[PDB]
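In this text, residue positions in the sequence shown follow PDB author numbering: the first is 1, and each later residue adds one. We put the CB at the ideal spot given by N, CA and C, even for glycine.
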Amino acid sequence: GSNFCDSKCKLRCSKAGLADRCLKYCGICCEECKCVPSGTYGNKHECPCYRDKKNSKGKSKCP
(Lines of atoms letter the chains of each structure in order from A and count residues from 1; the text may use other names and numbers.)
(Lines give C-alpha, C1' and ligand atoms only; values in the text may rest on other atoms or scores of the structure.)
Protein backbone atom coordinates (compact mmCIF):
# COMPACT_ATOMS: atom_id res chain seq x y z
CA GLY A 1 0.00 0.00 0.00
CA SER A 2 0.98 3.62 -0.49
CA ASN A 3 2.35 5.79 2.29
CA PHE A 4 -0.82 7.89 2.00
CA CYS A 5 -3.16 4.96 2.50
CA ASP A 6 -1.11 3.38 5.30
CA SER A 7 -1.09 6.64 7.24
CA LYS A 8 -4.74 7.57 6.69
CA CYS A 9 -6.01 4.06 7.41
CA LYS A 10 -4.00 3.85 10.63
CA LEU A 11 -6.04 6.75 12.03
CA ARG A 12 -9.31 5.56 10.45
CA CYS A 13 -8.95 2.17 12.15
CA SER A 14 -7.41 3.34 15.45
CA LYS A 15 -10.65 2.65 17.38
CA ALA A 16 -11.83 -0.41 15.41
CA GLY A 17 -12.72 -3.59 17.28
CA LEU A 18 -11.68 -5.80 14.34
CA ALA A 19 -8.53 -3.88 13.52
CA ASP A 20 -6.82 -6.14 10.97
CA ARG A 21 -10.01 -6.36 8.91
CA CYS A 22 -10.51 -2.59 9.16
CA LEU A 23 -6.95 -1.90 8.05
CA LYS A 24 -7.21 -4.39 5.18
CA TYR A 25 -10.41 -3.00 3.73
CA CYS A 26 -9.56 0.63 4.44
CA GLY A 27 -6.35 0.01 2.50
CA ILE A 28 -8.14 -1.59 -0.45
CA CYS A 29 -10.71 1.22 -0.52
CA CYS A 30 -8.06 3.93 -0.20
CA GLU A 31 -6.00 2.52 -3.08
CA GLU A 32 -9.07 2.54 -5.33
CA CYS A 33 -10.71 5.76 -4.13
CA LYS A 34 -7.65 7.94 -3.30
CA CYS A 35 -9.38 9.06 -0.11
CA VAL A 36 -10.12 8.06 3.47
CA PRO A 37 -12.92 9.87 5.37
CA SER A 38 -11.87 11.73 8.50
CA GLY A 39 -12.35 10.41 12.03
CA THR A 40 -12.70 6.81 13.16
CA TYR A 41 -16.22 6.22 11.84
CA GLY A 42 -18.83 7.97 9.77
CA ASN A 43 -18.01 11.03 7.65
CA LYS A 44 -18.25 8.87 4.53
CA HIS A 45 -19.97 11.64 2.56
CA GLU A 46 -16.53 13.28 2.49
CA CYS A 47 -15.58 10.73 -0.18
CA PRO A 48 -18.44 9.37 -2.31
CA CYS A 49 -16.17 6.71 -3.83
CA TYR A 50 -15.39 5.29 -0.38
CA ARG A 51 -18.99 5.68 0.77
CA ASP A 52 -20.45 3.90 -2.27
CA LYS A 53 -18.01 1.02 -2.79
CA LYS A 54 -19.59 -2.45 -2.60
CA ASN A 55 -18.17 -5.94 -2.23
CA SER A 56 -19.14 -8.90 -4.42
CA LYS A 57 -22.30 -9.53 -2.39
CA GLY A 58 -23.35 -5.88 -2.78
CA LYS A 59 -22.55 -4.97 0.83
CA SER A 60 -20.76 -1.78 1.84
CA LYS A 61 -17.04 -2.54 1.66
CA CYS A 62 -15.23 0.42 3.24
CA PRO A 63 -14.97 1.07 7.01
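Three-state secondary structure (DSSP) of residue i
{"i": "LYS24", "result": "helix"}
{"i": "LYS10", "result": "helix"}
{"i": "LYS54", "result": "strand"}
Cα-Cα separation, residue i to residue j
{"i": "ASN55", "j": "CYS62", "result": "9 angstroms"}
{"i": "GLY17", "j": "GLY58", "result": "23 angstroms"}
{"i": "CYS5", "j": "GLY27", "result": "6 angstroms"}
{"i": "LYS34", "j": "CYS9", "result": "12 angstroms"}
{"i": "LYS44", "j": "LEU23", "result": "16 angstroms"}
Cβ neighbour criterion (16 or more within 10 Å) applied to residue i
{"i": "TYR25", "result": "buried"}
{"i": "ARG12", "result": "buried"}
Of the residues the options, the one placed nearest residue i, counting alpha carbons only
{"i": "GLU32", "options": "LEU11, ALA19 and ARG51", "result": "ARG51"}
{"i": "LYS53", "options": "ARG21, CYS29, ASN3 and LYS10", "result": "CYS29"}
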